[PDB]
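Quick one, structure for this:
(chains A, B, C, D, E, F, G, H and I)
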Amino acid sequence: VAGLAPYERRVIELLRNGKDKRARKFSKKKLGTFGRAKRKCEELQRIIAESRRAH
Amino acid sequence: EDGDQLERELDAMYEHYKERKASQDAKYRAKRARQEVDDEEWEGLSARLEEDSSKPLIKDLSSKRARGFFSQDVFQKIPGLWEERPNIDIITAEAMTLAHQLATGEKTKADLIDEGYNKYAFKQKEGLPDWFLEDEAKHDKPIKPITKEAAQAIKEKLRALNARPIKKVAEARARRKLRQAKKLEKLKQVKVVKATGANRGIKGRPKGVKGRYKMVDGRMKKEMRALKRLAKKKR
Amino acid sequence: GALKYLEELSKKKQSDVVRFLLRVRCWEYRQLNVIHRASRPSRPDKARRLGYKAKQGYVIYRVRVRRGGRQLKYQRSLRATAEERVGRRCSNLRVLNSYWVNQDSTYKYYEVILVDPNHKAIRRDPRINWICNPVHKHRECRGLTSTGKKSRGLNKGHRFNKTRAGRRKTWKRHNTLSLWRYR
Amino acid sequence: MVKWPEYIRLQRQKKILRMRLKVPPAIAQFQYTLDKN
Amino acid sequence: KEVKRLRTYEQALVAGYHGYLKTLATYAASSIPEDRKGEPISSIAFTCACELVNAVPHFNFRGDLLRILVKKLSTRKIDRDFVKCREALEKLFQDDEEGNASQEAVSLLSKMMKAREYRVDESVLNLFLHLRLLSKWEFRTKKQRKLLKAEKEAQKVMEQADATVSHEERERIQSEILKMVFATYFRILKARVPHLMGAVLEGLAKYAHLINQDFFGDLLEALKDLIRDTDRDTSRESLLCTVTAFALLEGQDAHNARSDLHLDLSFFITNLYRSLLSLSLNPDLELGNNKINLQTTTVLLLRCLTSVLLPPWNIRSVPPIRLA
Amino acid sequence: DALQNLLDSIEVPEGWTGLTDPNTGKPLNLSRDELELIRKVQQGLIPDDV
RNA sequence: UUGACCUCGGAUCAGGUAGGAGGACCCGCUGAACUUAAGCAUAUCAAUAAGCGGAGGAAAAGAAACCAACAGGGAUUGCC
RNA sequence: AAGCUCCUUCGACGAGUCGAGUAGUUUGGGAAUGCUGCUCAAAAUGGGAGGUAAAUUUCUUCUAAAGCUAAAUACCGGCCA
RNA sequence: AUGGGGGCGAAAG
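Numbers count the residues shown, from 1 in each chain, chains lettered A, B, ... in the order given. Take a look at the structure below.
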């Protein structure tokens, strides 16, 4: 319902384009911890997969 | 249906607010009175007597109108009647600071984009009214550190060509020298009282009119002899 | 379930819906007064979990507070300052608890839940008759709200040795020389 | 010219903002409602 | 009703003026030659434009009128219409008290030369020199008296504010016009247009006292490396830069700036001393109110030697060794 | 050249920053794309293209 | 045309409430210097005195996002 | 109305808050001792704090960002003795 | 009713 923050939109764009290591680095720079960046990246990748199977 | 009349009314009211809040200073009024309008605003032209139911008087001694108009000075003088992407200018301290940050190997284009995907991004600005946009701009300015190099660079960037002339510098030194001279002109010994007679046991200044006074006694004599003995022992 | 839906929607703040709503409200609150009354909580789930009820006796006040610092840093928060100002305005009410609503770039915004201690419904209902008791006058001024406890460091552990049970009381207890009758 | 009261001006400005701002889908679908019959 | 009448009159007037100026521009671009039966319509349109500049500059479409004057002052063939438009713009630059007209004109003509690659008749440059901004008991009722008194205080405070804003705006316009003029001067210098040197150096010499001190020293070393480039016609350029250097340093303000600004003429003195022999043995010496743009190398050398041997200041301080 | 230095002093180049390039003694000037990023970051309308 | 809802107001409308004093002890904000020592500077005085805000007969704290490494303890407070 | 017991049924726990960077202030306490401001900004077999070279980050112990509560404790002021 | 010290700077500060 709510959607995505601008930084999450940037991470989504990077993950769709294939810059996954860049996405993870930007997620670190925006959150502050490796584990939080990993969880955010996994959540956004799952959102991408769900959107793909929904379309 | 689209709120067009309401939009015009609100815009006019906000503009009137702006003009009165600016003209309650009279320096804005002077600037408005003096400043000349542009031509990109004029562009567009080409570039009952209810009545009842029942020899000339002004004889000016000498058509006359034509012979008085076309016989003018200019009509008598006249015989036989290279021109063929907008530029980006930094004028802001924050923009100059971030320009320094790019010039020096501090942050790159990737860092610029990543930091540009912030909370202020994706904010609508196109179709919003002037009052809303100005309130948002006034109260939503992000704060960033500013560097002295960027501030100085803006200073020489905006420094006027005739801002520092030899004359005004020389007579500025002249006012400063005159100010020190006047301060010096505005700026333009100690007596000893023996505490005997009328001066014995007095709370404050005696009747001796002087700038600085010092009271003396035999106890002070002995103290001074002790201090001199100590100084002599030290030397 | 609406309360958890609102809790998650408030957790996701930079989401598009919440960002849009916060922008419009931030504009509306700037047009409104520095301290003004609310009608209904703009964050009903937060107000409810902080203790707001829809009874005759509970009121909301939205307060604007200027952000920044004095390089000196003010030991009390902007949240505590908002509570103290709202109390000085409504001296006849007890400040129950405040919560964040908007932030912009010049002012933070806070909705403060306040309770009337002289109202009959409040006096008859337990769970709030404690705030009817007279020992709770100006909790926001004495630092007895949540912000006050956080700033006072009223937590248990080895990281809070000098501040728990009162910082000045602890310093006095450590700096008193106790002399007994038989020494 | 004439001066409107503050609350009236505020609510009409809220009208203008609601009509002008680009609205997210979750509120645009609330803008879409059903009909008389 | 009177306000509407005034609005209609003013809008009709401005529309008519726009049409009149467009017709004048078309008649201006029209071909001059005709059967010899009086002054051509192009010349008369030029006279009309000149009269409008000299009468109502402050009014609208001053940009259009000045642009027409610029298309005339951009074709290089001395004619009566040229001398007329030179005189009209000179009158403009010597009667403008506010500055916007001068600013628009200087910007237009500056872009004109920039587009024309500096192939002008030196008259557009002398317009820069012609800038001066770069230099009975009537009975009164009880109500009437109070309103007049209030108007008196209002006009006093308005006059004070007007004076302040006038000074600020005059300074700003002056700064901008110096910017355009000196931009043209240095870009002509770097272009090294042989027929512009005298006028551009005259302008440099006569406005460097209003230009800042650091830029004044930059001007001295620009003169220096132009002399060096001429070292590596040539005599004319060398003597021109030399006379400009002496004139600049014989200006009173630069005279007092001297030591504090570290302005030394030793290089120019040595250049003159080492070039006297070539100036003696070259042929073109005599093939030729101004102080710099002098067509004869003989009079140029005369100014050089008057400056060195008899400088207008400290005449009894000149080094005897240099003298001899 | 002193003439070019004075010309810049009057009208500074588009990418003028006032810094000295460590790589070469010439002044370090911004590029067109760098100024594009300057405006994009200062306005916030387009953090990234497409 | 009418009537609701929402928001914002008025009333010498009905009923209440706040101010100030006190401040020994209590809860907060703010906050020195004299002094001591040290080549110098941090430090000490002192998270004190002065100033400001707020309660009571006590106030505050208080029922672990604690202590621990135990064979475990078990809200807070105070004495050794 | 209430307590226990049993189970082929369920079991909801506090967000501009943690946390990262940084400036100030404060403490015996850069695992930042706590607090404040500022920029970014979370999780759900989760999070906090400790233990440990023992071979991987195992083990131990609690649930923060909501609230109330007498007593033992302080007292140069109030009514007294 | 008002103005109050110093240095830097063309003032604006």
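
rest of the way, CA atoms for contacts and neighbours
Will do.

can you give me the strands in chain C?
Taking DSSP state E as the criterion, chain C carries its strands at C:35-38, C:58-66, C:94-102, C:107-115.

Next one: the closest residue to chain C within the stretch 201-324 of chain E from chain B, what distance?
Residue nearest to chain C within the stretch 201-324 of chain E (C-alpha to the nearest C-alpha): residue E:214, separated by 38.6 Å. As judged by C-alpha to the nearest C-alpha, to the nearest Å, residue E:214 and chain B stand 9 Å apart.

Quick one: name the residues of chain A near chain B.
Contact residues, chain A versus chain B (C-alpha under 8 Å from any C-alpha of the partner chain): A:5, A:6, A:7, A:10, A:26.

give me that answer again for 6 Å
A:6, A:7 (C-alpha under 6 Å from any C-alpha of the partner chain).

now the helices for chain A?
For chain A, the helices defined by DSSP state H occupy A:6-17, A:20-31, A:34-54.

In chain C, what residue spans correspond to helices?
Using DSSP H, helices in chain C cover C:2-11, C:16-31, C:44-50, C:78-89, C:120-124, C:129-132, C:139-142, C:146-152, C:167-175.

So which of the ones you listed is the most surrounded?
helix C:78-89 (a mean of 21; mean count of other C-alpha atoms under 10 Å in any protein chain shown).

Give the other helices and strands that it contacts.
If you count contacts as 3 or more C-alpha pairs under 6 Å, 6 or more residues apart in numbering or on different chains; DSSP states H and E, helix C:78-89 packs onto helix C:139-142.

Counting neighbours, which bits of stretch E:192-200 end up buried?
Residues E:196, E:197, E:198, E:199, E:200 are the ones in stretch E:192-200 that count as buried (16 or more other C-alpha atoms under 10 Å in any protein chain shown).

Which one of those residues is nearest to chain A?
Using C-alpha to the nearest C-alpha, the buried residues of stretch E:192-200 come closest to chain A at residue E:200, 57.1 Å.

For the closest one, which non-adjacent residue is closest in space?
Excluding its sequence neighbours, the residue lying closest to residue E:200 (C-alpha to C-alpha, 6 or more residues apart in numbering or on different chains) is residue E:185, at 5.6 Å.

is stretch A:28-37 up against chain C anywhere?
No - contact of stretch A:28-37 with chain C (C-alpha under 6 Å from any C-alpha) is absent, the minimum separation being 12.9 Å.

Not counting that stretch itself, show me its contacts.
If you take C-alpha atoms under 6 Å, 6 or more residues apart in numbering or on different chains as the criterion, stretch A:28-37 is touched by residue A:27.

Now tabulate the buried residues of stretch E:192-200 in CSV and tack on secondary structure and distance to RNA strand G.
Converted to CSV, those look like this (DSSP: H, G, I helix; E, B strand; the rest coil; distance: C-alpha to the nearest atom of the strand, whole Å):
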residue, secondary structure, distance to RNA strand G
E:196, coil, 66
E:197, helix, 63
E:198, helix, 65
E:199, helix, 64
E:200, helix, 61
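
wait, which of the residues you listed is closest to RNA strand H?
If you rank the buried residues of stretch E:192-200 by distance to RNA strand H using C-alpha to the nearest atom of the strand, residue E:200 comes first, at 53.1 Å.

And the closest one, how close does it get to residue E:214?
20 Å (C-alpha to C-alpha, to the nearest Å).

same question, residue E:298
Counting by C-alpha to C-alpha - residue E:298 and residue E:214 are separated by 33 Å.

Compare neighbour counts for those two and give me the winner.
residue E:298 (18 against 13; other C-alpha atoms under 10 Å in any protein chain shown).

any idea how far that one is from chain D?
In terms of C-alpha to the nearest C-alpha, residue E:298 sits 76 Å off from chain D.

which stretch of helix or strand covers that residue?
For residue E:298, the element it lies in under DSSP states H and E is helix E:297-309.

tell me which strands and helices that helix is in contact with?
Against helix E:297-309 (3+ C-alpha pairs under 6 Å, 6+ apart) you get no helix or strand.

List the buried residues in that helix.
E:297, E:298, E:299, E:300, E:301, E:303, E:304, E:307, E:308.

Report how many residues lie close to the nearest residue to residue E:193 once chain neighbours are set aside.
Of all residues not flanking residue E:193 in the chain, residue E:118 sits nearest, at 7.1 Å (C-alpha to C-alpha, 6+ apart). As a burial measure, residue E:118 scores 19 neighbours (other C-alpha under 10 Å).

gap between residue E:118 and residue E:127?
Distance from residue E:118 to residue E:127, by C-alpha to C-alpha: 15 Å.

Can you give the distance from the longest helix anywhere in chain F to the centre of its chain?
The longest helix of chain F (DSSP H) is helix F:32-43. Helix F:32-43 sits 11 Å away from the centroid of its parent chain (C-alpha atoms, centre = their mean, to the nearest Å).

now stretch E:56-64
For stretch E:56-64, the distance to the chain centre is 20 Å (C-alpha atoms, centre = their mean).

List the contacts of that stretch.
Contacts for stretch E:56-64 (C-alpha under 6 Å, 6+ apart): none.

send the alpha carbons of it over as PDB?
What follows is stretch E:56-64, C-alpha atoms only, in PDB (Å, rounded to 0.1, in the frame of the first residue of the first chain):
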ATOM      1  CA  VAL E  56      12.900  59.900 -25.600                       C
ATOM      2  CA  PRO E  57      15.500  57.200 -24.700                       C
ATOM      3  CA  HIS E  58      13.800  56.400 -21.400                       C
ATOM      4  CA  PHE E  59      10.700  55.100 -23.200                       C
ATOM      5  CA  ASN E  60      10.000  51.500 -24.400                       C
ATOM      6  CA  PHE E  61      11.700  49.700 -27.300                       C
ATOM      7  CA  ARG E  62      15.000  51.600 -26.700                       C
ATOM      8  CA  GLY E  63      16.500  48.200 -27.400                       C
ATOM      9  CA  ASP E  64      14.900  48.100 -30.800                       C
END
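
rewinding a little: out of the buried residues of stretch E:192-200, flag the one nearest to residue C:60.
residue E:200 (75.4 Å; C-alpha to C-alpha).

what's the nearest residue to the residue of the stretch 1-150 of chain E found nearest RNA strand I if we skip its chain neighbours?
Residue nearest to RNA strand I within the stretch 1-150 of chain E: residue E:134 (17.0 Å; C-alpha to the nearest atom of the strand). Nearest residue to residue E:134 in three dimensions, chain neighbours excluded: residue E:174, at 6.4 Å (C-alpha to C-alpha, 6+ apart).

ok so that neighbour is a helix residue?
Yes - under DSSP: H, G, I helix; E, B strand; the rest coil, residue E:174 sits within a helix.

okay, now residue 11: neighbour count?
Using chain A. Counted with other C-alpha under 10 Å, residue A:11 comes out at 26.

should've been chain D
12.

Please, which helix or strand holds it?
Going by DSSP H and E, residue D:11 is in helix D:6-20.

residues near the residue of chain E found nearest chain C, how many?
As assessed by C-alpha to the nearest C-alpha, chain C sits closest to residue E:165 within chain E, at 33.1 Å. Neighbourhood size, residue E:165 [other C-alpha under 10 Å]: 18.

For residue 32, grab phi and psi.
No chain specified, so I'll use chain A. As for residue A:32, its main-chain torsions (degrees, to the nearest 10) stand at phi 120, psi 0.

which other helices and strands contact the host helix or strand of residue E:277?
According to DSSP H and E, residue E:277 maps onto helix E:266-281. Applying 3+ C-alpha pairs under 6 Å, 6+ apart, we find helix E:266-281 packed against no helix or strand.

by how many degrees do that helix and helix E:297-309 diverge?
Angle of helix E:266-281 versus helix E:297-309, following axes from the mean of the first three to the mean of the last three C-alpha atoms, to 10 degrees, is 140 degrees.

export helix E:266-281 as CSV, just CAs?
C-alpha atoms of helix E:266-281 as CSV (Å, rounded to 0.1, in the frame of the first residue of the first chain):
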residue,chain,number,x,y,z
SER,E,266,62.3,50.1,-15.4
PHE,E,267,61.6,47.5,-18.1
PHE,E,268,59.9,50.2,-20.3
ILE,E,269,62.7,52.6,-19.7
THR,E,270,65.3,50.0,-20.7
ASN,E,271,63.2,49.1,-23.8
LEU,E,272,63.0,52.7,-24.9
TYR,E,273,66.8,53.1,-24.3
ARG,E,274,67.6,49.9,-26.3
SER,E,275,65.1,50.8,-29.1
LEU,E,276,66.1,54.4,-29.7
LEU,E,277,68.6,53.2,-32.3
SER,E,278,66.1,51.2,-34.4
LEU,E,279,63.7,54.1,-34.1
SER,E,280,66.6,56.2,-35.5
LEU,E,281,67.3,53.9,-38.5
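
Having no further points to raise, I will conclude here.
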